[PDB]
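Participant: All I have is the shape, not the residue letters:
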(Lines give C-alpha, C1' and ligand atoms only; values in the text may rest on other atoms or scores of the structure.)
Protein backbone atom coordinates (compact mmCIF):
# COMPACT_ATOMS: atom_id res chain seq x y z
CA UNK A 1 0.00 0.00 0.00
CA UNK A 2 0.99 3.64 0.54
CA UNK A 3 2.27 4.89 3.91
CA UNK A 4 2.37 8.58 4.83
CA UNK A 5 3.68 10.48 7.87
CA UNK A 6 1.40 12.02 10.47
CA UNK A 7 2.32 15.62 9.58
CA UNK A 8 1.38 14.86 5.95
CA UNK A 9 -1.65 12.66 6.68
CA UNK A 10 -4.03 15.59 6.13
CA UNK A 11 -5.58 16.15 2.71
CA UNK A 12 -3.26 17.94 0.23
CA UNK A 13 -5.60 20.90 -0.32
CA UNK A 14 -5.16 21.91 3.34
CA UNK A 15 -1.35 21.62 3.20
CA UNK A 16 0.68 24.66 4.16
CA UNK A 17 3.74 25.83 2.23
CA UNK A 18 5.95 24.05 4.79
CA UNK A 19 3.91 20.85 4.38
CA UNK A 20 4.52 20.96 0.63
CA UNK A 21 8.26 21.37 1.27
CA UNK A 22 8.24 18.44 3.71
CA UNK A 23 6.41 16.33 1.12
CA UNK A 24 9.22 16.87 -1.39
CA UNK A 25 11.81 16.01 1.27
CA UNK A 26 9.80 12.96 2.32
CA UNK A 27 9.22 11.96 -1.30
CA UNK A 28 12.93 12.19 -2.13
CA UNK A 29 13.86 9.94 0.81
CA UNK A 30 11.11 7.33 0.32
CA UNK A 31 11.72 6.91 -3.42
CA UNK A 32 15.48 7.66 -3.55
CA UNK A 33 14.78 10.50 -5.96
CA UNK A 34 17.40 13.04 -6.97
CA UNK A 35 17.74 15.78 -4.31
CA UNK A 36 15.21 18.56 -4.92
CA UNK A 37 15.58 22.15 -3.79
CA UNK A 38 12.88 23.26 -1.37
CA UNK A 39 12.38 26.42 -3.46
CA UNK A 40 11.36 24.45 -6.58
CA UNK A 41 7.77 24.28 -5.24
CA UNK A 42 7.17 27.48 -3.23
CA UNK A 43 3.43 27.12 -2.81
CA UNK A 44 0.75 25.80 -0.49
CA UNK A 45 -1.38 22.71 -1.04
CA UNK A 46 -4.12 24.65 -2.83
CA UNK A 47 -1.71 25.94 -5.49
CA UNK A 48 -0.01 22.55 -5.89
CA UNK A 49 -3.28 20.91 -6.97
CA UNK A 50 -3.69 23.48 -9.75
CA UNK A 51 -0.42 22.36 -11.40
CA UNK A 52 -0.59 19.94 -14.32
CA UNK A 53 1.91 17.14 -14.84
CA UNK A 54 3.57 19.37 -17.46
CA UNK A 55 4.28 21.99 -14.79
CA UNK A 56 5.57 19.29 -12.43
CA UNK A 57 7.85 18.03 -15.20
CA UNK A 58 9.16 21.51 -16.06
CA UNK A 59 9.88 22.52 -12.46
CA UNK A 60 11.80 19.30 -11.74
CA UNK A 61 13.05 17.49 -14.87
CA UNK A 62 14.57 14.55 -13.03
CA UNK A 63 11.76 13.77 -10.57
CA UNK A 64 8.77 15.82 -11.75
CA UNK A 65 7.21 12.76 -13.39
CA UNK A 66 7.39 10.79 -10.15
CA UNK A 67 6.29 13.64 -7.88
CA UNK A 68 3.12 14.22 -9.92
CA UNK A 69 2.16 10.54 -10.02
CA UNK A 70 2.96 10.31 -6.31
CA UNK A 71 0.70 13.28 -5.60
CA UNK A 72 -2.02 11.66 -7.72
CA UNK A 73 -1.73 8.53 -5.58
CA UNK A 74 -2.35 10.58 -2.45
CA UNK A 75 -5.36 12.29 -4.06
CA UNK A 76 -6.91 8.89 -4.89
CA UNK A 77 -6.44 7.71 -1.29
CA UNK A 78 -8.36 10.54 0.42
CA UNK A 79 -11.91 9.96 -0.91
CA UNK A 80 -7.78 24.73 -5.44
CA UNK A 81 -11.25 23.48 -6.33
CA UNK A 82 -12.97 26.39 -4.55
CA UNK A 83 -11.47 29.90 -4.72
CA UNK A 84 -12.86 32.94 -2.89
CA UNK A 85 -12.62 36.12 -4.95
CA UNK A 86 -12.50 39.61 -3.38
CA UNK A 87 -14.92 42.35 -4.37
CA UNK A 88 -12.43 44.31 -6.48
CA UNK A 89 -11.64 41.05 -8.38
CA UNK A 90 -15.29 39.89 -8.64
CA UNK A 91 -15.45 41.71 -11.98
CA UNK A 92 -14.75 39.46 -14.99
CA UNK A 93 -11.05 39.43 -16.00
CA UNK A 94 -11.92 40.86 -19.44
CA UNK A 95 -12.88 44.19 -17.81
CA UNK A 96 -9.93 44.22 -15.38
CA UNK A 97 -7.83 47.35 -15.39
CA UNK A 98 -4.05 47.22 -15.07
CA UNK A 99 -4.42 48.07 -11.38
CA UNK A 100 -6.90 45.19 -11.06
CA UNK A 101 -4.33 42.81 -12.57
CA UNK A 102 -1.79 44.03 -10.02
CA UNK A 103 -4.27 43.45 -7.19
CA UNK A 104 -4.97 39.97 -8.58
CA UNK A 105 -1.26 39.18 -8.26
CA UNK A 106 -1.20 40.35 -4.64
CA UNK A 107 -4.31 38.32 -3.76
CA UNK A 108 -2.88 35.21 -5.42
CA UNK A 109 0.26 35.40 -3.25
CA UNK A 110 -1.92 35.63 -0.14
CA UNK A 111 -4.39 32.94 -1.19
CA UNK A 112 -1.63 30.59 -2.36
CA UNK A 113 1.75 31.03 -0.72
CA UNK A 114 3.91 32.35 -3.53
CA UNK A 115 7.17 34.16 -4.05
CA UNK A 116 6.58 37.93 -4.31
CA UNK A 117 5.91 39.02 -7.90
CA UNK A 118 6.29 42.71 -8.81
CA UNK A 119 3.35 44.58 -10.33
CA UNK A 120 5.58 45.40 -13.32
CA UNK A 121 5.93 41.68 -14.05
CA UNK A 122 2.41 41.80 -15.62
CA UNK A 123 2.13 45.45 -16.80
CA UNK A 124 -1.07 45.12 -18.79
CA UNK A 125 -4.85 45.17 -18.54
CA UNK A 126 -7.21 42.21 -18.25
CA UNK A 127 -7.65 41.89 -22.01
CA UNK A 128 -3.91 41.47 -22.59
CA UNK A 129 -3.64 38.95 -19.74
CA UNK A 130 -6.20 36.72 -21.45
CA UNK A 131 -4.19 36.76 -24.69
CA UNK A 132 -1.01 35.47 -23.05
CA UNK A 133 -0.25 31.75 -23.25
CA UNK A 134 0.92 29.60 -20.35
CA UNK A 135 4.52 29.79 -21.59
CA UNK A 136 4.32 33.59 -21.35
CA UNK A 137 3.25 33.32 -17.70
CA UNK A 138 6.23 31.04 -16.93
CA UNK A 139 8.65 33.36 -18.71
CA UNK A 140 7.45 36.44 -16.78
CA UNK A 141 7.43 34.62 -13.41
CA UNK A 142 9.19 31.23 -13.27
CA UNK A 143 8.18 30.62 -9.65
CA UNK A 144 4.45 31.44 -9.87
CA UNK A 145 3.60 31.84 -13.56
CA UNK A 146 2.05 28.42 -14.14
CA UNK A 147 -0.03 28.65 -10.95
CA UNK A 148 -1.32 32.07 -12.00
CA UNK A 149 -2.34 30.78 -15.44
CA UNK A 150 -4.19 27.78 -13.99
CA UNK A 151 -5.81 30.09 -11.45
CA UNK A 152 -6.99 32.36 -14.29
CA UNK A 153 -8.43 29.43 -16.24
CA UNK A 154 -10.49 28.38 -13.22
CA UNK A 155 -11.92 31.90 -12.84
CA UNK A 156 -12.86 31.92 -16.53
CA UNK A 157 -14.68 28.58 -16.30
CA UNK A 158 -16.55 29.42 -13.07
CA UNK A 159 -11.67 42.65 -31.65
CA UNK A 160 -12.26 46.35 -32.47
CA UNK A 161 -10.26 47.47 -35.49
CA UNK A 162 -9.26 51.05 -36.33
CA UNK A 163 -10.39 52.01 -39.81
CA UNK A 164 -6.89 52.93 -40.98
CA UNK A 165 -5.71 49.48 -39.79
CA UNK A 166 -8.74 47.55 -41.06
CA UNK A 167 -6.70 46.20 -44.00
CA UNK A 168 -4.71 42.95 -43.99
CA UNK A 169 -1.42 43.05 -42.01
CA UNK A 170 0.54 41.92 -45.10
CA UNK A 171 -0.01 45.33 -46.72
CA UNK A 172 0.82 47.35 -43.58
CA UNK A 173 3.24 50.15 -44.32
CA UNK A 174 6.06 51.24 -42.04
CA UNK A 175 3.85 54.07 -40.71
CA UNK A 176 0.93 51.68 -40.18
CA UNK A 177 3.08 49.37 -38.05
CA UNK A 178 3.99 52.16 -35.62
CA UNK A 179 0.31 53.09 -35.20
CA UNK A 180 -0.53 49.46 -34.40
CA UNK A 181 2.03 49.62 -31.59
CA UNK A 182 0.49 52.85 -30.30
CA UNK A 183 -3.12 51.64 -30.56
CA UNK A 184 -2.23 48.36 -28.84
CA UNK A 185 -0.45 50.31 -26.09
CA UNK A 186 -3.56 52.29 -25.11
CA UNK A 187 -6.01 49.44 -25.78
CA UNK A 188 -4.26 46.93 -23.50
CA UNK A 189 -2.64 49.41 -21.06
CA UNK A 190 0.82 48.19 -22.07
CA UNK A 191 4.05 49.99 -21.34
CA UNK A 192 4.89 52.46 -24.14
CA UNK A 193 7.19 50.97 -26.78
CA UNK A 194 9.59 52.82 -29.05
CA UNK A 195 8.91 52.84 -32.79
CA UNK A 196 12.56 51.97 -33.50
CA UNK A 197 12.11 48.55 -31.89
CA UNK A 198 9.81 47.44 -34.73
CA UNK A 199 11.32 49.38 -37.66
CA UNK A 200 9.70 47.30 -40.38
CA UNK A 201 6.63 47.04 -42.60
CA UNK A 202 3.68 44.68 -42.24
CA UNK A 203 5.01 41.95 -44.51
CA UNK A 204 8.39 42.09 -42.76
CA UNK A 205 6.68 41.95 -39.35
CA UNK A 206 4.86 38.69 -40.17
CA UNK A 207 8.16 36.79 -40.52
CA UNK A 208 9.14 37.40 -36.89
CA UNK A 209 8.72 34.54 -34.44
CA UNK A 210 7.33 34.93 -30.93
CA UNK A 211 10.86 34.96 -29.50
CA UNK A 212 11.65 37.95 -31.73
CA UNK A 213 8.78 39.88 -30.13
CA UNK A 214 10.06 39.12 -26.61
CA UNK A 215 13.60 40.12 -27.58
CA UNK A 216 12.60 43.47 -29.09
CA UNK A 217 10.10 44.34 -26.32
CA UNK A 218 10.35 42.34 -23.07
CA UNK A 219 7.49 44.22 -21.40
CA UNK A 220 4.84 44.09 -24.15
CA UNK A 221 6.34 41.73 -26.74
CA UNK A 222 4.31 38.60 -26.01
CA UNK A 223 1.06 40.59 -26.01
CA UNK A 224 1.84 42.15 -29.39
CA UNK A 225 2.47 38.77 -31.05
CA UNK A 226 -0.71 37.20 -29.66
CA UNK A 227 -2.61 40.31 -30.76
CA UNK A 228 -1.24 40.10 -34.30
CA UNK A 229 -2.28 36.45 -34.49
CA UNK A 230 -5.82 37.32 -33.40
CA UNK A 231 -6.04 39.88 -36.21
CA UNK A 232 -4.93 37.28 -38.77
CA UNK A 233 -7.58 34.86 -37.53
CA UNK A 234 -10.08 37.71 -37.85
CA UNK A 235 -8.89 38.67 -41.34
CA UNK A 236 -8.82 35.05 -42.56
CA UNK A 237 -12.39 34.55 -41.35
CA UNK A 238 -13.34 37.98 -42.71
CA UNK A 239 -11.80 37.40 -46.14
CA UNK A 240 -13.16 33.84 -46.35
CA UNK A 241 -16.74 35.12 -46.12
CA UNK A 242 -16.16 37.97 -48.58
CA UNK A 243 -14.84 35.41 -51.07
CA UNK A 244 -17.88 33.19 -50.48
CA UNK A 245 -20.39 35.92 -51.40
CA UNK A 246 -18.47 36.60 -54.62
CA UNK A 247 -18.41 32.90 -55.49
CA UNK A 248 -22.12 32.73 -54.70
CA UNK A 249 -22.78 35.30 -57.42
CA UNK A 250 -20.76 33.09 -59.77
CA UNK A 251 -22.92 30.15 -58.69
CA UNK A 252 -26.06 32.11 -59.61
CA UNK A 253 -24.80 32.56 -63.17
CA UNK A 254 -23.35 29.05 -63.32
CA UNK A 255 -26.67 27.58 -62.19
CA UNK A 256 -28.38 29.74 -64.82
CA UNK A 257 -26.28 28.55 -67.78
CA UNK A 258 -26.35 24.85 -66.88
CA UNK A 259 -22.65 24.48 -66.04
CA UNK A 260 -22.75 21.15 -64.20
CA UNK A 261 -18.97 20.87 -63.83
CA UNK A 262 -18.54 24.53 -62.86
CA UNK A 263 -21.34 24.40 -60.26
CA UNK A 264 -19.72 21.46 -58.46
CA UNK A 265 -16.37 23.28 -58.59
CA UNK A 266 -17.85 26.47 -57.11
CA UNK A 267 -19.72 24.49 -54.44
CA UNK A 268 -16.56 22.62 -53.40
CA UNK A 269 -14.72 25.90 -52.74
CA UNK A 270 -17.47 27.24 -50.47
CA UNK A 271 -19.93 29.11 -52.69
CA UNK A 272 -23.15 30.06 -50.89
CA UNK A 273 -25.77 27.38 -51.56
CA UNK A 274 -28.56 29.89 -50.92
CA UNK A 275 -27.21 33.00 -52.64
CA UNK A 276 -29.71 35.65 -53.71
CA UNK A 277 -29.53 38.20 -56.52
CA UNK A 278 -31.31 41.57 -56.75
CA UNK A 279 -34.53 39.89 -57.90
CA UNK A 280 -34.39 37.38 -55.03
CA UNK A 281 -33.50 34.35 -57.15
CA UNK A 282 -31.39 31.54 -55.71
CA UNK A 283 -29.25 29.02 -57.61
CA UNK A 284 -32.10 26.54 -57.10
CA UNK A 285 -34.56 29.00 -58.66
CA UNK A 286 -32.57 29.50 -61.86
CA UNK A 287 -31.69 25.82 -62.32
CA UNK A 288 -35.35 24.85 -61.91
CA UNK A 289 -36.58 27.65 -64.20
CA UNK A 290 -34.21 26.66 -67.03
CA UNK A 291 -34.74 22.90 -66.73
CA UNK A 292 -31.28 21.88 -65.49
CA UNK A 293 -32.41 18.70 -63.77
CA UNK A 294 -28.86 17.54 -63.00
CA UNK A 295 -27.92 20.82 -61.29
CA UNK A 296 -31.10 20.84 -59.17
CA UNK A 297 -30.19 17.51 -57.56
CA UNK A 298 -26.67 18.57 -56.56
CA UNK A 299 -28.00 21.81 -55.06
CA UNK A 300 -30.50 19.85 -52.98
CA UNK A 301 -27.72 17.59 -51.66
CA UNK A 302 -25.68 20.63 -50.58
CA UNK A 303 -28.59 22.07 -48.59
CA UNK A 304 -30.30 24.61 -50.85
CA UNK A 305 -33.68 25.77 -49.55
CA UNK A 306 -36.37 23.92 -51.49
CA UNK A 307 -39.20 26.25 -50.44
CA UNK A 308 -37.29 29.54 -50.63
CA UNK A 309 -39.34 32.52 -51.82
CA UNK A 310 -37.99 35.30 -54.02
CA UNK A 311 -39.19 38.91 -53.95
CA UNK A 312 -42.19 38.07 -56.16
CA UNK A 313 -43.03 35.11 -53.89
CA UNK A 314 -42.30 32.42 -56.50
CA UNK A 315 -40.80 29.22 -55.07
CA UNK A 316 -38.63 26.85 -57.13
CA UNK A 317 -41.69 24.63 -57.55
CA UNK A 318 -43.53 27.57 -59.13
CA UNK A 319 -40.76 28.13 -61.69
CA UNK A 320 -40.52 24.41 -62.45
CA UNK A 321 -44.29 24.08 -62.85
CA UNK A 322 -44.63 27.19 -65.02
CA UNK A 323 -41.89 26.21 -67.49
CA UNK A 324 -43.18 22.66 -68.02
CA UNK A 325 -40.30 20.69 -66.47
CA UNK A 326 -42.14 17.62 -65.19
CA UNK A 327 -39.00 15.77 -64.07
CA UNK A 328 -37.84 18.62 -61.82
CA UNK A 329 -41.31 18.90 -60.25
CA UNK A 330 -41.13 15.31 -58.99
CA UNK A 331 -37.69 15.87 -57.46
CA UNK A 332 -38.78 19.10 -55.77
CA UNK A 333 -41.92 17.44 -54.41
CA UNK A 334 -39.81 14.60 -53.00
CA UNK A 335 -37.66 17.11 -51.08
CA UNK A 336 -40.79 18.47 -49.40
CA UNK A 337 -41.62 21.34 -51.74
CA UNK A 338 -44.81 23.10 -50.71
CA UNK A 339 -47.62 22.03 -53.03
CA UNK A 340 -49.91 24.86 -51.85
CA UNK A 341 -47.36 27.68 -51.74
CA UNK A 342 -48.83 31.10 -52.51
CA UNK A 343 -46.97 33.85 -54.35
CA UNK A 344 -47.82 37.53 -53.91
CA UNK A 345 -50.59 37.27 -56.52
CA UNK A 346 -52.06 34.17 -54.88
CA UNK A 347 -51.16 31.63 -57.58
CA UNK A 348 -50.36 28.13 -56.38
CA UNK A 349 -48.17 25.90 -58.58
CA UNK A 350 -51.42 24.36 -59.80
CA UNK A 351 -52.47 27.76 -61.18
CA UNK A 352 -49.24 28.19 -63.16
CA UNK A 353 -49.46 24.69 -64.64
CA UNK A 354 -53.02 25.40 -65.78
CA UNK A 355 -52.03 28.83 -67.12
CA UNK A 356 -49.42 27.34 -69.48
CA UNK A 357 -51.27 24.07 -70.25
CA UNK A 358 -48.89 21.47 -68.82
CA UNK A 359 -51.32 18.59 -68.31
CA UNK A 360 -48.71 16.15 -66.99
CA UNK A 361 -47.62 18.58 -64.26
CA UNK A 362 -51.27 19.23 -63.35
CA UNK A 363 -51.86 15.54 -62.69
CA UNK A 364 -48.68 15.25 -60.59
CA UNK A 365 -49.64 18.34 -58.57
CA UNK A 366 -53.17 17.06 -57.94
CA UNK A 367 -51.73 13.67 -56.92
CA UNK A 368 -49.43 15.30 -54.34
CA UNK A 369 -52.29 17.25 -52.76
CA UNK A 370 -52.50 20.54 -54.67
CA UNK A 371 -55.73 22.37 -53.81
CA UNK A 372 -58.22 22.58 -56.68
CA UNK A 373 -60.41 25.14 -54.90
CA UNK A 374 -57.47 27.49 -54.26
CA UNK A 375 -58.13 30.98 -55.65
CA UNK A 376 -55.78 33.78 -56.71
CA UNK A 377 -56.28 37.51 -56.06
CA UNK A 378 -58.62 37.70 -59.08
CA UNK A 379 -60.83 35.07 -57.43
CA UNK A 380 -60.03 32.46 -60.08
CA UNK A 381 -59.38 28.79 -59.45
CA UNK A 382 -56.88 26.84 -61.54
CA UNK A 383 -59.87 25.38 -63.41
CA UNK A 384 -61.05 28.91 -64.23
CA UNK A 385 -57.63 29.76 -65.70
CA UNK A 386 -57.83 26.83 -68.12
CA UNK A 387 -61.30 27.83 -69.39
CA UNK A 388 -60.11 31.27 -70.53
CA UNK A 389 -57.06 29.74 -72.25
CA UNK A 390 -59.24 27.13 -73.99
CA UNK A 391 -57.37 24.03 -72.77
CA UNK A 392 -60.26 21.56 -72.78
CA UNK A 393 -58.03 18.64 -71.75
CA UNK A 394 -56.77 20.33 -68.58
CA UNK A 395 -60.23 21.72 -67.83
CA UNK A 396 -61.91 18.30 -67.97
CA UNK A 397 -59.73 16.75 -65.27
CA UNK A 398 -60.18 19.80 -63.04
CA UNK A 399 -63.94 19.99 -63.71
CA UNK A 400 -64.44 16.46 -62.33
CA UNK A 401 -63.06 17.38 -58.90
CA UNK A 402 -65.68 19.61 -57.25
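Facilitator: Structure received. Numbering: from 1, shown residues only.
Participant: What residues does the closest residue to residue 63 other than its chain neighbours make contact with?
Facilitator: Computed as CB to CB, 6 or more residues apart in numbering, the closest residue to residue 63 that is not its neighbour in sequence is residue 33, at 4.2 Å. Every C-beta, even on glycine, is put in place using the N, C-alpha and C of the backbone. The contact partners of residue 33, taken as CB atoms under 8 Å, 6 or more residues apart in numbering, are 27, 62, 63, 66, 67.
Participant: from what I can see the second one touches residue 32, true?
Facilitator: No - contact between residue 62 and residue 32 fails when scored by CB atoms under 8 Å: they sit 11.8 Å apart.
Participant: Just want to know which of these two has more residues nearby.
Facilitator: Between residue 62 and residue 32, counted using other CB atoms under 10 Å, residue 62 has the larger neighbour count: 12 against 6.
Participant: mind listing the strands for this structure?
Facilitator: Ranges of strands in the chain, per DSSP state E: none exist.
Participant: Give the other helices and strands that the biggest helix by length in it contacts.
Facilitator: Using DSSP state H, we find that the single longest helix of the chain is helix 221-257. With contacts taken as 3 or more CB pairs under 8 Å, 6 or more residues apart in numbering; DSSP states H and E, helix 221-257 sits against helix 126-131, helix 134-140, helix 174-187, helix 210-216, helix 260-268, helix 283-289.
Participant: tilt between it and helix 174-187?
Facilitator: Computed with axes from the mean of the first three to the mean of the last three CA atoms, to 10 degrees, the direction of helix 221-257 lies at 110 degrees from that of helix 174-187.
Participant: State the number of residues packed around residue 29.
Facilitator: Neighbours of residue 29 (other CB under 10 Å): 10.
Participant: how close does it sit to residue 36?
Facilitator: Distance of residue 29 to residue 36, given as CB to CB, to the nearest Å: 11 Å.
Participant: and if you look at residue 93?
Facilitator: Distance, residue 93 to residue 36, using CB to CB: 33 Å.
Participant: Check residue 201 too.
Facilitator: From residue 201 to residue 36 the distance is 49 Å (CB to CB).
Participant: Equivalent analysis for residue 1, please.
Facilitator: Between residue 1 and residue 36 the distance is 24 Å, computed by CB to CB.
Participant: More neighbours: those two, which one.
Facilitator: Higher neighbour count among residue 1 and residue 36: residue 36, with 19 against 3, using other CB under 10 Å.
Participant: mind listing what the nearest residue to the more buried one once chain neighbours are set aside touches?
Facilitator: In this structure, residue 36 finds its nearest non-sequential neighbour in residue 24, 5.1 Å apart by CB to CB, 6+ apart. Going by CB under 8 Å, 6+ apart, residue 24 touches 36, 38, 40, 41, 67.
Participant: Using PyMOL, define a selection of the buried residues within those.
Facilitator: In PyMOL, this line selects whichever of these come out buried by 16 or more other CB atoms under 10 Å:
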select buried, resi 36+41+67
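Participant: Of the contacts of residue 24, which belong to helices?
Facilitator: Short answer: those in helices (DSSP H) are residue 67.
Participant: Columns distance to residue 9 on top of the contacts of residue 24, output as JSON lines?
Facilitator: JSON lines is the format used below for those (distance: CB to CB, whole Å):
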{"residue": "36", "distance to residue 9": "21"}
{"residue": "38", "distance to residue 9": "21"}
{"residue": "40", "distance to residue 9": "23"}
{"residue": "41", "distance to residue 9": "19"}
{"residue": "67", "distance to residue 9": "18"}
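Participant: all helices in the stretch 301-402 of the chain, in order from the N-terminus.
Facilitator: Using DSSP state H, counting those that start in this stretch, the helices of the stretch 301-402 of the chain run over residues 316-322, 326-334, 349-355, 359-367, 382-389, 392-400.
Participant: same question, the stretch 51-200 of the chain
Facilitator: Using DSSP H, counting those that start in this stretch, the helices of the stretch 51-200 of the chain run over 53-59, 64-77, 98-111, 126-131, 134-140, 145-157, 174-187.
Participant: What helices and strands are in contact with the shortest one?
Facilitator: Counting by 3+ CB pairs under 8 Å, 6+ apart, the packing neighbours recorded for helix 126-131 are helix 98-111, helix 145-157, helix 221-257.
Participant: ok, now the first one?
Facilitator: Applying 3+ CB pairs under 8 Å, 6+ apart, one finds that helix 53-59 contacts helix 64-77, helix 145-157.
Participant: Buried deepest among these, which one?
Facilitator: helix 145-157 (a mean of 18; mean count of other CB atoms under 10 Å).
Participant: if we can go back for a sec, could you measure from the residue nearest to residue 63 over to residue 24?
Facilitator: Distance from residue 33 to residue 24, by CB to CB: 9 Å.
Participant: now residue 397
Facilitator: 93 Å.
Participant: Neighbours of the residue lying closest to residue 38 once chain neighbours are set aside, how many?
Facilitator: In this structure, residue 38 finds its nearest non-sequential neighbour in residue 21, 4.7 Å apart by CB to CB, 6+ apart. Neighbours of residue 21 under the rule other CB under 10 Å: 19.
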